[PDB]
**Q** 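The structure's right below; bear with me while I get my questions together.
Numbers restart at 1 for each chain; the letters A, B, ... are given by sequence-line order, proteins then strands.
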Amino acid sequence: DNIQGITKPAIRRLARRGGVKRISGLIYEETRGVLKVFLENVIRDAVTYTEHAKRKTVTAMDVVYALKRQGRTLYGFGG
Amino acid sequence: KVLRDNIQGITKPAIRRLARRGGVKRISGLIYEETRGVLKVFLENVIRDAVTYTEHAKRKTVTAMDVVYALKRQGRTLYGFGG
Amino acid sequence: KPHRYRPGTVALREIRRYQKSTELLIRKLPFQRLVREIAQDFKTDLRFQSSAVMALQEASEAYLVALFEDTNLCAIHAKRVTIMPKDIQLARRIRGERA
Amino acid sequence: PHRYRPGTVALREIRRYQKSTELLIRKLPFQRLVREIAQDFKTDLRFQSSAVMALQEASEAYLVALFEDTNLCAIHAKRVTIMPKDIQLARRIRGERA
Amino acid sequence: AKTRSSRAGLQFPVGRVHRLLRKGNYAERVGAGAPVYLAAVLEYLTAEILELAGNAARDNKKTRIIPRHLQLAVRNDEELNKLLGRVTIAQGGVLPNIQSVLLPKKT
Amino acid sequence: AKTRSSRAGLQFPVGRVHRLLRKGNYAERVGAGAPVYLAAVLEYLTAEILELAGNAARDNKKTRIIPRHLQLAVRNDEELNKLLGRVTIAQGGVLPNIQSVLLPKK
Amino acid sequence: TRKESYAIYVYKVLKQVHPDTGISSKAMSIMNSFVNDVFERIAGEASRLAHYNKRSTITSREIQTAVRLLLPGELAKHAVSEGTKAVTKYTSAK
Amino acid sequence: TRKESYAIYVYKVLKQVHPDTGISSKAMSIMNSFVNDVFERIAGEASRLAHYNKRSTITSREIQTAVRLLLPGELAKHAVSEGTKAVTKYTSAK
DNA sequence: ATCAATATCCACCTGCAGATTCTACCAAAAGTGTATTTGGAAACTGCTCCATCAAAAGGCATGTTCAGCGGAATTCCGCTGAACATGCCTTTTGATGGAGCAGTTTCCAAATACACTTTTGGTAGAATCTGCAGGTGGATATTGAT
DNA sequence: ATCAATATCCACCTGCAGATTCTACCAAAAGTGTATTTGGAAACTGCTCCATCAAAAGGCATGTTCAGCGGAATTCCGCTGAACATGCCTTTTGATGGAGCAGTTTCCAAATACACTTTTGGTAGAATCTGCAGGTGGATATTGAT
Ligand SMILES: [Mn+2]
Ligand SMILES: [Mn+2]
Ligand SMILES: [Mn+2]
Ligand SMILES: [Mn+2]
Ligand SMILES: [Mn+2]
Ligand SMILES: [Mn+2]
Ligand SMILES: [Mn+2]
Ligand SMILES: [Mn+2]
Ligand SMILES: [Mn+2]
Ligand SMILES: [Mn+2]
Ligand SMILES: [Mn+2]
């Protein structure tokens with residue numbers, strides 16, 4: 001599956017940038033669930049803005065407005 | 001008269017009660033001073049904004065609405081006092 | 001004959017009682033002076049509607065009660081049943097109140 | 001032969017990744033994940049390339065901050081190894097997990 | 001002359017909501033369908049909270065809903081809890097909840 | 001006919017800010033000074049970040065400010081960090097920081 | 001003097017779901033806060049949504065998307081039906 | 001076509017501050033997000049203040065209080081200082 | 001303490017992906033004088049409600065003794081995760097067309113808005129009506145000693 | 001398990017603080033009327049988004065080995081809960097003085113909107129221009145064995 005494309009080594013890299021020294025084996029599946037929940041929440045709102053505009057293309061701005069609503073404001077992609 | 005040291009009016013027993021409502025069973029002796037400092041900061045931030053709303057409206061009386069708006073700005077919305 | 005509850009028994013009894021009621025737990029007048037003192041240090045000559053003081057008290061007690069729940073989860077996470085200043089600090093760091 | 005002790009390379013990697021800014025999840029795989037999830041809300045969607053990047057930057061910044069909080073929870077328990085319970089405690093306290 | 005509310009089949013005030021939408025600077029114009037739809041959502045939400053609160057009132061052998069009942073209704077409902085996740089209900093107290101490891105004995 | 005910005009002594013467009021305030025549905029009317037004050041405020045904050053980012057650029061021996069430098073200026077400054085407390089700067093990375101207990105026993 | 005509130009409407013709705021149940025003034029104050037709060041949140045979202053699409057008009061369509069972004073799943077689905085229903089019925093009349 | 005942005009102005013300020021320093025497009029894009037973000041927050045607060053006080057005009061007075069509410073201490077002082085300075089400079093220029 | 005395998009640094013070099021500059025071009029804007037309309041400050045003032053003080057009384061805070069048991073230091077060891085070498089699958093990079101669908105422009109019918117102007121559904125204060133707070137007594141549930 | 005010191009649940013009872021009806025004004029909605037105009041609906045263009053193909057190389061996956069972390073168990077000092085005795089200070093109830101807020105009226109500094117004129121800001125071509133990411137050489141530091 002695609003969620004499994006988010007690899008153990010890549011999750012490690014993320015942890016490292018997070019200052020993490022040692023990782024438990026259950027961490028990788030736990031991290032995947034968290035990311036999926038995060039993407040579902042943000043993508044759901046962005047697509048809601050896409051449909052409202054009557055488009056078939058999810059725009060950077062759709063994503064930016066979605067992130068802002070979730071209180072996760074992002075700089076660098078417009079607006 | 002002069003108001004000083006009122007943070008002590010937040011007693012050890014009152015802080016126990018609050019912890020009880022919060023589900024706490026055992027409390028270390030240093031918790032009380034820590035709680036007082038956390039509450040002082042909480043109130044300084046809220047009162048600061050409520051008072052800013054008061055001065056802007058050019059009045060000398062902090063209204064329930066000033067507090068409610070202050071609380072809302074801080075994402076601490078309160079129901080029951082006009083907003 | 002001098003009956004005695006074991007440590008923890010009365011505390012549990014206390015949690016059940018306070019979780020069942022809704023009254024404010026900090027004495028009123030003392031809380032009012034605190035508000036007046038902190039406000040006075042920002043601006044002198046301020047008056048307060050009484051419902052303003054109460055709004056601050058409900059807001060403050062809800063904030064502390066929920067902080068204690070989070071603090072309690074931090075103690076238990078540490079294999080303890082006693083809250084300590086370090087639990088309060090971990091909770092506030094994670095909540096972003098001083099990350 | 002030669003062998004670094006457990007932890008030494010781990011430290012080295014933290015220093016390296018805390019010093020750079022490139023994304024750490026391979027792109028193609030991330031893109032499939034995004035499209036797959038979007039498809040459940042609205043079928044036949046297209047994505048501006050910058051839309052997927054915004055999502056990746058947002059996701060990685062999120063996961064990285066979560067890991068720092070997770071690390072703080074593991075250290076609080078006297079450990080140096082993060083576990084599922086550490087991520088859970090951090091999320092509950094953040095208000096994402098109730 | 002029928003009320004816009006009766007025309008809409010609603011208890012909540014459509015006109016009031018219309019006027020509130022105008023005076024709030026949300027946009028230069030307010031379509032006629034807006035207040036109707038908004039008044040309906042509001043009424044649905046309040047109907048939902050009152051159903052649960054009246055129930056909490058009944059469970060506590062009360063006839064009068066008080067803030068404690070509103071709090072129990074909201075905090076016990078996954079969705080309302082989330083919609084009001086950053087709100088505090090004055091005089092609502094909290095839900096009875098004690099962590100397991102805190103309980104006495106064994107087994 | 002001179003620019004309202006030059007009258008205010010600003011680089012930021014007082015006129016645009018004025019129009020943006022009207023089209024934003026913030027209120028029925030906008031005072032004449034509102035856009036001036038706002039523009040000045042936006043320029044000051046803009047300069048405050050450029051200054052710290054510029055320094056971050058120089059400390060790294062680079063002359064071109066990149067997102068990494070904006071991240072370093074904001075996160076290393078207590079006040080800017082709070083103002084942007086819930087903002088993510090794309091391609092900014094994080095500040096080097098390793099919890100002491102993780103360092104090897106020397 | 002004079003000050004509006006949703007109290008009579010909240011009250012009408014209380015009687016509909018619980019004919020024999022009353023409400024204290026504090027609880028009514030809370031219900032009033034709740035309505036104003038959700039009003040602002042929805043109107044606020046509708047406002048942004050309109051600006052994002054360079055629309056000068058907020059229609060039932062903006063209120064609708066605003067409701068989908070604002071409410072959790074099931075409350076959303078039901079709010080939408082109630083909203084769509086009232087608009088349709090309002091339109092069939094007159 | 002036609003995308004309006006604060007880029008040329010950000011670059012102008014970049015020159016008064018660090019005459020020999022440049023800025024990447026991505027970095028410029030971030031600065032633009034910054035200005036728009038701070039613009040929306042400040043304006044949003046001033047809007048609310050005017051409504052709370054039943055006023056129909058947003059004047060420099062609302063922009064000032066909004067600044068004090070949104071900016072951390074020192075940043076507020078200088079920002080309010082710069083705002084007051086710009087309006088004075090502008091109020092006396094025949 | 002002595003090598004030895006690697007990781008880390010610095011000075012130097014330079015092709016090009018991305019930045020600055022000339023340049024022109026055009027519409028989108030922004031600035032000024034002019035006429036109309038009004039938002040909101042000063043000036044007066046009716047009247048709510050906020051600060052103060054006095055007086056009684058018991059609900060609670062304070063301070064102390066006593067000892068249960070929680071927290072934390074110390075020791076031991078099973079086994080999970082780190083490091084690393086081997087094999088190789090998939091992500092990445094880049095040229096290519098084919099097309100879906102955003103973005104522009106023009107047309108025009110359904111649908112707002114402010115002023116009018118008539119009318120009643122709300123609101124504040126007075127009148128009317130009851131849920132339950134709080135006190136008492138007794139049957140049931142819980143604790144903790146032996 | 002048996003028995004005593006206590007907390008706790010629970011239904012009947014009842015005066016009262018607070019809730020649920022009755023009046024009469026007044027902001028504040030709502031049918032019409034024009035005049036104005038948003039923005040949906042269609043024909044049209046071309047900017048990017050998707051599917052396809054293809055090698056180089058860089059990761060990712062797997063398996064082996066063992067260092068050292070996590071957690072179980074044991075121990076004890078001392079902190080913190082429970083219980084008690086003493087009396088302070090918060091709470092409850094009002095009465096008084098007036099500070100200040102909120103309603104009303106009056107009137108001018110200031111704002112919205114054309115209508116008209118000018119240019120600044122956006123874009124992009126195509127050309128111009130260059131900071132720095134890699135990649136090399138050799139020197140010194142870091143780490144870990146013995
Ligand atoms: Mn019912
Ligand atoms: Mn007027
Ligand atoms: Mn123990
Ligand atoms: Mn087709
Ligand atoms: Mn009537
Ligand atoms: Mn009772
Ligand atoms: Mn009794
Ligand atoms: Mn250990
Ligand atoms: Mn005493
Ligand atoms: Mn380099
Ligand atoms: Mn070399």
**Q** May I ask you to verify if any side-chain N or O of F/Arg19 is less than 4.0 angstrom from the OP1 or OP2 atom of I/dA28?
**A** no
**Q** Identify, between D/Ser50 and H/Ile8, the residue whose nearest nucleotide on DNA chain J lies closer to the 5' end.
**A** D/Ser50
**Q** Looking at every strand, decide which applies to D/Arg3 at a 4.0 Å heavy-atom threshold: base, sugar-phosphate, or nothing.
**A** base
**Q** Within the structure shown, what part of the strands sits under 4.0 Å from E/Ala32 by heavy-atom distance: base, sugar-phosphate, or nothing?
**A** sugar-phosphate
**Q** At under 4.0 Å, does any side-chain N or O of B/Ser28 touch on OP1 or OP2 of J/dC79?
**A** no
**Q** Base, sugar-phosphate, or nothing for A/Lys54, non-hydrogen atoms under 4.0 angstrom?
**A** sugar-phosphate
**Q** Please compare D/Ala10 and C/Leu25 by the position of their nearest nucleotide in DNA chain I and report the one closer to 5'.
**A** C/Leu25
**Q** Determine the contact category for D/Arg16: base if any of its heavy atoms lies under 4.0 Å from a base atom, sugar-phosphate if only primed atoms, P, OP1 or OP2 are that close, otherwise nothing.
**A** nothing
**Q** Any side-chain N or O of C/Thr9 less than 4.0 Å from the OP1 or OP2 oxygen of J/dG81?
**A** no
**Q** For G/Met28, report the nucleic acid contact type (base, sugar-phosphate, nothing); a contact means any heavy atom under 4.0 Å.
**A** nothing
**Q** Pick base, sugar-phosphate or nothing for G/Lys94, based on heavy-atom distances below 4.0 Å to the nucleic acid.
**A** nothing
**Q** Counting the atoms with a prime plus P, OP1 and OP2 as sugar-phosphate, which does A/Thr59 contact under 4.0 Å by heavy atoms, base, sugar-phosphate, or nothing?
**A** nothing
**Q** Can you work out whether C/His3 or B/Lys25 has the more 5'-proximal nearest nucleotide on DNA chain J?
**A** C/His3
**Q** Strictly below 4.0 Å: does A/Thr57 bring a side-chain N or O up to OP1 or OP2 of I/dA102?
**A** yes
**Q** Look at all strands and tell whether D/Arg32 reaches a base, only sugar-phosphate, or nothing, counting heavy atoms closer than 4.0 Å.
**A** sugar-phosphate
**Q** Give a yes/no answer on whether the side chain of B/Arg16 brings an N or O atom under 4.0 Å of OP1 or OP2 in J/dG81.
**A** yes
**Q** Do the side-chain N or O atoms of E/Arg16 get closer than 4.0 angstrom to the phosphate oxygens (OP1, OP2) of I/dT123?
**A** yes
**Q** Hey, does D/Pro29 reach any base, or is it just sugar-phosphate, or nothing, if we go heavy atoms under 4.0 Å?
**A** sugar-phosphate
**Q** Hey, which sits more toward the 5' end of DNA chain I by its nearest nucleotide, D/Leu28 or H/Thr1?
**A** D/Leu28
**Q** If you measure only the distance, is there a donor-acceptor pair under 3.5 Å linking the side chains of D/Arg46 and A/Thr57?
**A** no
**Q** Donor-acceptor pair under 3.5 Å: do we get one between C/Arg4's side chain and the base of J/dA83?
**A** no
**Q** What does H/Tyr9 touch in the nucleic acid at a heavy-atom separation under 4.0 angstrom: a base, only the sugar-phosphate, or nothing?
**A** sugar-phosphate
**Q** Answer yes when G/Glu62 and G/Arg55 have at least one side-chain N-carboxylate O distance shorter than 4.0 Å, and no when they do not.
**A** no
**Q** If you look at every strand shown and take non-hydrogen atoms under 4.0 Å, does H/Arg61 touch a base, only sugar-phosphate, or nothing?
**A** nothing
**Q** C/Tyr5 ring centre to C/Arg13 NZ or CZ under 6.0 Å, with the angle to the axis within 45°?
**A** yes
**Q** Quick check for you: among J/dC132, J/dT20, I/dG122, whose closest atom lies nearest to any side-chain atom of F/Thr63?
**A** J/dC132
**Q** Applying a 4.0 Å non-hydrogen cut-off, can you work out what A/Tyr28 is touching in the nucleic acid: base, sugar-phosphate, or nothing?
**A** nothing
